[PDB]
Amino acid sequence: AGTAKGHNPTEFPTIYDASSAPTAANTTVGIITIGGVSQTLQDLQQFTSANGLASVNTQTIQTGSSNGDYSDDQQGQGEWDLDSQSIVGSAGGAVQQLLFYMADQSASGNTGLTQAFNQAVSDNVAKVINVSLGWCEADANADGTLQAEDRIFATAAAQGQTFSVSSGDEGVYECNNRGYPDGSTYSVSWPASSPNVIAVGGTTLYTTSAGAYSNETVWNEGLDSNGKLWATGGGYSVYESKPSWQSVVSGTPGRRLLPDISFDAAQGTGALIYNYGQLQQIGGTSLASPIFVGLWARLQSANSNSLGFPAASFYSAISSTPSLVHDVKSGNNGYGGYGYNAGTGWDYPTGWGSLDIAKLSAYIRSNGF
(Lines of atoms letter the chains of each structure in order from A and count residues from 1; the text may use other names and numbers.)
(Lines give C-alpha, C1' and ligand atoms only; values in the text may rest on other atoms or scores of the structure.)
Protein backbone atom coordinates (compact mmCIF):
# COMPACT_ATOMS: atom_id res chain seq x y z
CA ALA A 1 0.00 0.00 0.00
CA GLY A 2 1.48 3.41 0.02
CA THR A 3 4.01 4.64 -2.53
CA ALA A 4 7.71 3.87 -3.15
CA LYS A 5 9.67 7.08 -3.70
CA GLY A 6 12.79 8.84 -2.60
CA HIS A 7 12.78 10.97 0.57
CA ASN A 8 14.55 14.06 1.84
CA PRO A 9 16.43 13.19 5.07
CA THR A 10 14.37 15.82 6.89
CA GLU A 11 11.34 13.50 6.34
CA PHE A 12 12.72 10.65 8.45
CA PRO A 13 11.47 12.11 11.78
CA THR A 14 7.89 12.22 10.42
CA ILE A 15 8.18 8.73 8.97
CA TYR A 16 9.53 7.15 12.19
CA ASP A 17 7.36 9.20 14.61
CA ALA A 18 10.17 11.33 16.06
CA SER A 19 8.87 14.86 15.44
CA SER A 20 7.72 15.23 19.07
CA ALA A 21 11.16 14.26 20.47
CA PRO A 22 13.94 16.74 21.11
CA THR A 23 16.54 17.13 18.40
CA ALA A 24 20.03 15.74 18.99
CA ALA A 25 21.34 19.23 19.77
CA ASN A 26 22.69 18.01 23.08
CA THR A 27 24.40 14.85 21.79
CA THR A 28 27.71 14.44 19.96
CA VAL A 29 27.70 11.95 17.08
CA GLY A 30 30.59 10.26 15.31
CA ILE A 31 30.96 8.86 11.81
CA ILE A 32 33.70 6.38 10.85
CA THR A 33 35.08 7.13 7.38
CA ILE A 34 37.78 5.68 5.12
CA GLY A 35 39.97 8.68 4.23
CA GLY A 36 39.05 12.33 4.12
CA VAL A 37 35.79 14.22 4.06
CA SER A 38 36.66 17.55 2.35
CA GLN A 39 33.99 17.32 -0.34
CA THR A 40 31.57 15.73 2.16
CA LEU A 41 31.79 18.90 4.34
CA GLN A 42 30.86 21.06 1.32
CA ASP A 43 27.94 18.72 0.53
CA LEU A 44 26.89 18.98 4.21
CA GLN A 45 26.85 22.77 3.92
CA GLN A 46 24.70 22.46 0.78
CA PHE A 47 22.38 20.15 2.73
CA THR A 48 21.91 22.34 5.80
CA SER A 49 21.67 25.54 3.77
CA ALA A 50 19.16 24.14 1.24
CA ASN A 51 16.98 22.87 4.07
CA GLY A 52 17.13 26.17 5.97
CA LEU A 53 18.83 24.57 8.97
CA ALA A 54 21.36 26.02 11.34
CA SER A 55 24.88 24.93 10.35
CA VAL A 56 26.31 21.81 11.96
CA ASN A 57 29.47 22.01 14.12
CA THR A 58 31.95 19.49 12.67
CA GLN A 59 35.39 18.19 13.48
CA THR A 60 37.63 15.89 11.43
CA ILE A 61 40.03 13.57 13.21
CA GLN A 62 43.10 11.93 11.71
CA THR A 63 42.95 8.68 13.70
CA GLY A 64 46.24 7.06 12.67
CA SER A 65 49.74 8.18 11.76
CA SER A 66 50.50 11.95 11.28
CA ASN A 67 51.94 10.96 7.93
CA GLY A 68 48.94 8.89 6.96
CA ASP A 69 46.85 9.26 3.82
CA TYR A 70 43.64 11.14 4.63
CA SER A 71 42.96 12.28 1.09
CA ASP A 72 39.39 12.14 -0.08
CA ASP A 73 38.22 8.90 -1.63
CA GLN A 74 36.03 10.44 -4.33
CA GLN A 75 33.39 7.69 -4.47
CA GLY A 76 33.55 7.49 -0.69
CA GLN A 77 32.40 11.11 -0.36
CA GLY A 78 28.91 9.99 -1.41
CA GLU A 79 28.89 7.46 1.41
CA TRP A 80 29.99 10.00 4.03
CA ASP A 81 27.38 12.33 2.53
CA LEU A 82 24.66 9.68 2.91
CA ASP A 83 25.77 9.14 6.49
CA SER A 84 26.05 12.74 7.61
CA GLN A 85 22.97 14.13 5.86
CA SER A 86 20.81 11.20 6.99
CA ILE A 87 22.01 11.55 10.60
CA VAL A 88 21.32 15.30 10.69
CA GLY A 89 17.91 14.93 9.01
CA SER A 90 16.86 12.08 11.27
CA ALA A 91 18.11 13.99 14.31
CA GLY A 92 15.61 16.75 13.57
CA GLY A 93 18.12 19.06 11.94
CA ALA A 94 20.55 19.54 14.88
CA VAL A 95 23.39 17.59 16.50
CA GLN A 96 25.75 18.95 19.13
CA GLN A 97 28.77 18.18 16.98
CA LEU A 98 29.50 15.73 14.17
CA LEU A 99 32.90 14.09 14.47
CA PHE A 100 34.44 12.41 11.41
CA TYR A 101 36.86 9.71 12.56
CA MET A 102 38.96 9.24 9.43
CA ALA A 103 40.82 6.01 8.82
CA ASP A 104 44.30 6.22 7.35
CA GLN A 105 44.30 4.81 3.78
CA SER A 106 47.98 3.89 3.65
CA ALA A 107 48.11 1.74 6.82
CA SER A 108 48.78 -2.01 6.69
CA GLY A 109 45.89 -4.42 6.55
CA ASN A 110 42.75 -3.20 8.20
CA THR A 111 44.74 -1.31 10.83
CA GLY A 112 43.62 2.13 9.58
CA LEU A 113 39.98 1.23 10.18
CA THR A 114 40.80 -0.40 13.53
CA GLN A 115 42.58 2.78 14.65
CA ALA A 116 39.54 4.86 13.65
CA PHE A 117 37.30 2.74 15.89
CA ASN A 118 39.94 2.90 18.62
CA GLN A 119 40.13 6.67 18.50
CA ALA A 120 36.36 7.09 18.82
CA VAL A 121 36.37 4.81 21.92
CA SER A 122 39.47 6.27 23.52
CA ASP A 123 38.25 9.82 23.09
CA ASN A 124 34.84 8.87 24.48
CA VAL A 125 33.23 12.11 23.33
CA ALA A 126 30.63 10.79 20.84
CA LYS A 127 27.68 9.05 22.45
CA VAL A 128 26.59 7.39 19.17
CA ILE A 129 28.91 6.40 16.29
CA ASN A 130 27.83 5.43 12.76
CA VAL A 131 29.56 2.65 10.84
CA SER A 132 28.10 2.36 7.32
CA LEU A 133 30.68 -0.24 6.31
CA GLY A 134 31.57 -3.89 6.55
CA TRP A 135 32.67 -7.07 4.80
CA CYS A 136 32.58 -10.85 5.15
CA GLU A 137 33.04 -11.71 8.85
CA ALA A 138 35.05 -14.85 7.95
CA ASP A 139 37.66 -12.68 6.20
CA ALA A 140 37.83 -10.37 9.23
CA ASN A 141 38.24 -13.40 11.44
CA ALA A 142 40.95 -15.01 9.29
CA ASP A 143 43.39 -12.09 9.56
CA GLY A 144 42.74 -11.14 13.19
CA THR A 145 40.75 -8.01 12.42
CA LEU A 146 37.64 -9.37 14.10
CA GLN A 147 39.38 -10.06 17.38
CA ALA A 148 41.19 -6.74 17.48
CA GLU A 149 38.11 -4.68 16.68
CA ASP A 150 35.76 -6.61 18.97
CA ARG A 151 37.95 -5.60 21.93
CA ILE A 152 37.40 -1.94 21.01
CA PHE A 153 33.63 -2.34 20.65
CA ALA A 154 33.52 -4.14 24.00
CA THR A 155 35.18 -1.09 25.59
CA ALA A 156 32.64 1.16 23.84
CA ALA A 157 29.67 -0.76 25.19
CA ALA A 158 31.10 -0.75 28.72
CA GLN A 159 31.60 3.05 28.44
CA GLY A 160 27.95 3.51 27.39
CA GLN A 161 28.67 4.36 23.73
CA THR A 162 26.44 3.06 20.92
CA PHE A 163 28.12 1.92 17.72
CA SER A 164 25.52 1.46 14.96
CA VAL A 165 26.62 -0.77 12.13
CA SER A 166 24.99 -1.47 8.76
CA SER A 167 24.17 -5.17 8.33
CA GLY A 168 25.19 -5.33 4.64
CA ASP A 169 23.89 -4.94 1.12
CA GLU A 170 24.45 -8.49 -0.17
CA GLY A 171 21.54 -10.23 1.50
CA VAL A 172 22.61 -13.65 2.76
CA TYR A 173 25.52 -13.75 0.25
CA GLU A 174 28.05 -11.47 1.99
CA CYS A 175 30.97 -13.88 1.75
CA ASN A 176 30.38 -15.00 -1.88
CA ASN A 177 32.47 -12.28 -3.51
CA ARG A 178 30.34 -9.65 -1.79
CA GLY A 179 26.84 -10.61 -2.95
CA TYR A 180 26.86 -13.16 -5.77
CA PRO A 181 24.01 -15.67 -5.43
CA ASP A 182 25.16 -18.83 -3.73
CA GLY A 183 22.13 -21.05 -3.21
CA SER A 184 21.78 -22.18 0.35
CA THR A 185 25.18 -20.82 1.51
CA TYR A 186 24.53 -17.92 3.88
CA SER A 187 26.94 -15.56 5.64
CA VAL A 188 27.05 -12.22 7.49
CA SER A 189 29.09 -9.04 7.74
CA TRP A 190 31.64 -7.69 10.21
CA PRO A 191 31.48 -5.50 12.26
CA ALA A 192 27.67 -5.95 12.27
CA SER A 193 28.07 -9.45 13.76
CA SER A 194 29.74 -8.08 16.92
CA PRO A 195 27.48 -8.39 20.01
CA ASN A 196 28.95 -5.03 21.15
CA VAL A 197 27.30 -2.97 18.38
CA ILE A 198 23.71 -2.39 17.21
CA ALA A 199 23.34 -4.06 13.81
CA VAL A 200 20.91 -2.23 11.50
CA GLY A 201 19.23 -3.91 8.55
CA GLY A 202 17.16 -2.62 5.69
CA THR A 203 13.59 -2.09 4.58
CA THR A 204 11.60 -0.99 1.56
CA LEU A 205 9.68 2.02 2.85
CA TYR A 206 6.21 2.94 1.63
CA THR A 207 4.59 6.27 2.52
CA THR A 208 1.12 7.70 2.10
CA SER A 209 0.32 10.58 -0.22
CA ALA A 210 0.46 12.90 2.83
CA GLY A 211 3.96 11.55 3.58
CA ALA A 212 3.08 9.45 6.55
CA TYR A 213 4.40 6.00 7.27
CA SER A 214 2.44 3.35 5.37
CA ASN A 215 4.39 0.09 5.56
CA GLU A 216 7.80 -1.55 5.30
CA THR A 217 8.84 -4.76 3.56
CA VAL A 218 12.27 -6.42 3.43
CA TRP A 219 14.85 -4.58 1.28
CA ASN A 220 15.51 -6.83 -1.70
CA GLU A 221 16.04 -5.19 -5.10
CA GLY A 222 17.33 -8.29 -6.83
CA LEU A 223 20.35 -8.49 -9.03
CA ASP A 224 22.18 -5.68 -10.75
CA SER A 225 23.61 -5.94 -14.28
CA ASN A 226 26.73 -7.67 -12.89
CA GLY A 227 24.59 -10.38 -11.25
CA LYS A 228 25.15 -9.07 -7.69
CA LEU A 229 22.30 -9.16 -5.16
CA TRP A 230 21.18 -5.93 -3.42
CA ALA A 231 19.33 -6.83 -0.23
CA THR A 232 19.51 -6.46 3.54
CA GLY A 233 22.18 -8.39 5.38
CA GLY A 234 20.83 -10.72 8.06
CA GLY A 235 21.51 -14.12 9.59
CA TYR A 236 23.75 -15.15 12.48
CA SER A 237 27.47 -15.02 13.16
CA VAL A 238 29.39 -18.26 12.79
CA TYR A 239 31.84 -17.06 15.44
CA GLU A 240 30.15 -14.80 17.99
CA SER A 241 28.10 -16.52 20.68
CA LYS A 242 24.58 -15.36 21.41
CA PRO A 243 24.44 -12.58 24.03
CA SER A 244 21.93 -13.64 26.60
CA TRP A 245 19.38 -10.88 25.84
CA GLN A 246 18.80 -12.53 22.45
CA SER A 247 17.45 -15.65 24.20
CA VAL A 248 13.99 -14.14 23.84
CA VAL A 249 14.12 -15.14 20.13
CA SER A 250 13.55 -18.87 20.66
CA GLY A 251 14.50 -21.50 18.12
CA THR A 252 17.70 -19.82 16.91
CA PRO A 253 21.34 -20.99 17.17
CA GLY A 254 23.68 -20.11 20.02
CA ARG A 255 25.16 -17.29 17.96
CA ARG A 256 24.80 -13.52 17.65
CA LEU A 257 21.66 -13.01 15.54
CA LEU A 258 21.49 -9.92 13.29
CA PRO A 259 20.24 -7.36 12.54
CA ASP A 260 18.77 -5.99 15.75
CA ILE A 261 16.54 -3.36 14.09
CA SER A 262 16.06 -2.00 10.55
CA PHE A 263 15.18 1.22 8.73
CA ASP A 264 14.83 2.41 5.14
CA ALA A 265 17.43 0.93 2.76
CA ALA A 266 15.89 0.32 -0.71
CA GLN A 267 17.38 2.55 -3.36
CA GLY A 268 13.89 2.87 -4.82
CA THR A 269 12.70 4.32 -1.48
CA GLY A 270 16.04 5.85 -0.47
CA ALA A 271 17.38 9.21 0.59
CA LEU A 272 17.97 12.27 -1.62
CA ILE A 273 21.60 13.13 -0.89
CA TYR A 274 23.91 15.92 -2.16
CA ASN A 275 27.05 14.25 -3.56
CA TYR A 276 29.67 16.50 -5.25
CA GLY A 277 26.89 19.07 -5.45
CA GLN A 278 24.39 16.82 -7.26
CA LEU A 279 21.31 15.25 -5.72
CA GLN A 280 21.22 11.47 -5.94
CA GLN A 281 18.80 8.91 -4.56
CA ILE A 282 20.84 6.53 -2.44
CA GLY A 283 19.97 3.50 -0.33
CA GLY A 284 21.71 0.60 1.37
CA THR A 285 21.94 -0.47 4.96
CA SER A 286 24.40 2.45 4.88
CA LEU A 287 21.22 4.60 4.93
CA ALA A 288 19.44 2.59 7.59
CA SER A 289 22.25 2.87 10.14
CA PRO A 290 22.48 6.72 10.00
CA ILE A 291 18.70 6.93 10.33
CA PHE A 292 18.98 4.92 13.55
CA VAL A 293 21.93 7.00 14.71
CA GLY A 294 20.10 10.30 14.31
CA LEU A 295 16.92 9.01 15.93
CA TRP A 296 18.83 7.41 18.82
CA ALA A 297 20.80 10.64 19.35
CA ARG A 298 17.44 12.41 19.86
CA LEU A 299 16.57 9.94 22.59
CA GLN A 300 19.99 10.48 24.13
CA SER A 301 19.42 14.25 24.20
CA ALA A 302 15.95 13.62 25.76
CA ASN A 303 17.70 11.58 28.50
CA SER A 304 20.77 13.70 29.25
CA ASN A 305 22.98 11.26 27.32
CA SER A 306 22.43 8.76 30.13
CA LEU A 307 21.27 5.77 28.06
CA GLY A 308 23.82 3.01 27.96
CA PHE A 309 24.46 0.47 25.25
CA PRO A 310 20.86 -0.44 24.42
CA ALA A 311 20.89 -3.99 23.00
CA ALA A 312 19.58 -5.79 26.09
CA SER A 313 16.90 -3.16 26.62
CA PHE A 314 15.76 -3.35 22.99
CA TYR A 315 15.27 -7.10 23.19
CA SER A 316 13.44 -7.03 26.53
CA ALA A 317 11.32 -3.98 25.70
CA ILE A 318 10.37 -4.91 22.15
CA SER A 319 9.68 -8.58 22.85
CA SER A 320 7.29 -7.52 25.66
CA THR A 321 5.98 -4.36 23.89
CA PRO A 322 5.29 -4.93 20.19
CA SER A 323 3.84 -1.40 19.83
CA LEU A 324 7.40 -0.03 19.98
CA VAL A 325 8.18 -1.26 16.45
CA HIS A 326 6.93 -1.55 12.92
CA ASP A 327 7.15 -5.34 12.53
CA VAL A 328 8.27 -6.20 8.97
CA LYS A 329 6.41 -9.32 7.80
CA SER A 330 6.88 -9.58 4.01
CA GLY A 331 9.91 -10.39 1.88
CA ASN A 332 13.18 -12.29 1.81
CA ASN A 333 16.91 -11.51 1.78
CA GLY A 334 18.13 -14.06 -0.77
CA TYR A 335 17.62 -14.97 -4.40
CA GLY A 336 16.14 -17.77 -6.43
CA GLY A 337 13.98 -19.09 -3.55
CA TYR A 338 16.85 -19.10 -1.05
CA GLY A 339 17.47 -16.75 1.87
CA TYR A 340 15.60 -15.92 5.03
CA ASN A 341 11.96 -14.76 5.11
CA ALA A 342 10.46 -12.00 7.20
CA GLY A 343 7.73 -13.01 9.57
CA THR A 344 5.93 -12.16 12.79
CA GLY A 345 8.28 -10.64 15.38
CA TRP A 346 12.07 -10.89 15.13
CA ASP A 347 13.30 -12.24 11.77
CA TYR A 348 16.67 -12.63 10.07
CA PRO A 349 16.16 -10.04 7.29
CA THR A 350 15.06 -7.20 9.53
CA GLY A 351 15.43 -8.10 13.21
CA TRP A 352 12.67 -6.38 15.20
CA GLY A 353 11.88 -3.96 12.36
CA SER A 354 11.89 -0.18 12.68
CA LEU A 355 11.45 1.87 15.84
CA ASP A 356 8.43 4.08 16.56
CA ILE A 357 10.40 6.78 18.30
CA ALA A 358 7.72 8.63 20.25
CA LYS A 359 6.40 5.31 21.58
CA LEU A 360 9.92 4.23 22.54
CA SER A 361 10.50 7.61 24.22
CA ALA A 362 7.33 7.18 26.32
CA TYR A 363 8.47 3.66 27.25
CA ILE A 364 11.88 4.99 28.37
CA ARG A 365 10.23 7.74 30.42
CA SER A 366 8.21 5.14 32.25
CA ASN A 367 10.62 2.28 32.48
CA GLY A 368 14.16 3.55 31.85
CA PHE A 369 16.51 1.92 29.32
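In this text, residue numbers run from 1 along the sequence as written.
A summary of the deposited B-factors shows that, of 289-297 and 276-284, the stretch with the larger mean C-alpha value is 276-284. The mean C-alpha temperature factor is higher for 209-217 when 133-141 and 209-217 are set side by side.
When the Cα B-factors of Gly171, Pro195, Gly227, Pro259 are read from the PDB record, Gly227 comes out highest. Among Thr162, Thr111, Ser86, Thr269, the highest C-alpha B-factor in the deposited entry belongs to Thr111. For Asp43, the recorded CA B-factor ranks within the lowest third of the chain. Only modelled residues enter the ranking. Sorting the modelled residues of the chain by their CA temperature factor places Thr10 in the highest third. Remark: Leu146 belongs to the middle third of its chain, ranked by C-alpha B-factor as recorded. Among the modelled residues of the chain, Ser167 sits in the lowest third by CA temperature factor in this PDB entry. Compared with the other modelled residues of the chain, the Cα B-factor recorded for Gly334 ranks in the middle third.
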